[PDB]
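What follows is a set of notes on a single structure, which appears directly below.
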Ligand SMILES: *[C@@H]1O[C@H](CO)[C@@H](O[C@@H]2O[C@H](CO)[C@@H](O)[C@H](O)[C@H]2NC(C)=O)[C@H](O)[C@H]1NC(C)=O
Ligand SMILES: *[C@@H]1O[C@H](CO)[C@@H](O)[C@H](O)[C@H]1NC(C)=O
Ligand SMILES: *[C@@H]1O[C@H](CO)[C@@H](O)[C@H](O)[C@H]1NC(C)=O
C-alpha cells in the first residue's frame with residue numbers, strides 16, 4: 001500500500017472569451033463619398 | 001517651407017447611439033459637445 005506522499009503542482013490554461021469587433025458597413029466601403037453612398041443605397045438589403 | 005507638419009483627421013467619425021422603447025436615448029460620442037438635444041455630456045473613461 002502507498003505510504004506518505006509528496007506534493008506537486010500542475011498548470012492548465014483555458015480559452016474563455018474573444019474580443020468582440022464591430023464594423024460600420026457604410027464607412028468601411030463608402031469612405032465618405034456621397035455618390036458612393038447613394039449607389040450603395042440600393043444594396044441595403046445585402047449588407048444589413 | 002519651414003518644417004511644421006499637419007495631421008488630417010476625417011470629418012465625420014462614426015457615433016454610437018442607443019434606442020429604447022422605439023425612441024432614441026443617450027449617446028456615445030467622441031467630442032466634448034452636445035450634438036443632439038441632449039442636455040448633458042458626461043465625460044467618461046475611453047469615451048464621452
Ligand atoms: C431633450 O432635452 C431638450 C431640452 O433639454 C428637450 O427640448 C424641448 O423640446 C421641445 C420639442 O422639440 C422644444 O419645443 C423645446 O424648445 C425644447 N427645449 C429646449 C430647451 O431646447 C427635448 O424634448 C428632450 N428630448 C428628450 C427625448 O428627452
Ligand atoms: C515518510 O515517513 C517516513 C517515516 O515517518 C520518513 O522517514 C520519510 O521521510 C517520509 N517521507 C516523506 C516524503 O515525507
Ligand atoms: C468639456 O466640456 C465641459 C463643459 O463645460 C468643460 O467644462 C470642460 O472643460 C471640457 N473639457 C475638455 C477636455 O474639453
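Cβ coordinates were reconstructed from backbone atoms using ideal geometry, including for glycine residues, and neighbour counts include every protein chain displayed. Since every read-out is calculated from the coordinates, none of them should be taken as a lab result.
Condition first: closer than 25 Å to residue A:30 by Cβ and either loosely packed, with under 10 Cβ neighbours inside 10 Å or more than 9 Å from the chain's Cα centre (by Cα) (or both). Now tell me which residues in segment B:7-23 satisfy that.
Hits for segment B:7-23 are B:7, B:8, B:9, B:10, B:11, B:12, B:17, B:18, B:19.
Consider segment B:24-46. How many of its residues are surrounded by 10 or more Cβ atoms within 10 Å (Cβ to Cβ) and either within 8 Å of the chain's Cα centre (by Cα) or under 18 Å from residue B:10 (Cα atoms) (or both)?
Residues meeting the conditions: 5.
On the basis of being loosely packed, with under 11 Cβ neighbours inside 10 Å, away from ligand 1 (no atom under 16 Å from the Cβ) and assigned to a loop (DSSP other than H, G, I, E, B), does residue B:3 make the cut?
So residue B:3 passes the test.
Kindly list, by first and then second residue, each pair from a residue in segment A:1-26 that is on the phi < 0 side of the Ramachandran plot to a residue that is assigned to a loop (DSSP other than H, G, I, E, B) and away from ligand 3 (no atom under 16 Å from the Cβ), limited to pairs with Cβ atoms under 6 Å and residues at least 6 apart or on different chains.
Taking only residues 6 or more apart or on different chains, the pairs are A:24/B:14.
Kindly provide the set of residues from segment B:10-33 that are out of contact with any strand residue (DSSP E or B) (no Cβ under 8 Å at 6 or more places or on another chain) and either assigned to a strand (DSSP E or B) or more than 16 Å from ligand 3 (Cβ to nearest atom) (or both), ordered by number.
Within segment B:10-33, B:10, B:11, B:12, B:13, B:14, B:20, B:21, B:22, B:23 qualify.
Among the residues of chain B, how many are farther than 27 Å from residue A:33 by Cα and in contact with a helix residue (DSSP H, G or I) (Cβ under 7 Å, 6 or more places away or on another chain)?
0
Would you be able to tell me the number of residues in segment A:22-43 that are part of a helix (DSSP H, G or I) and under 23 Å from the mean Cα position of the chain (by Cα)?
Adding up the residues that qualify gives 6.
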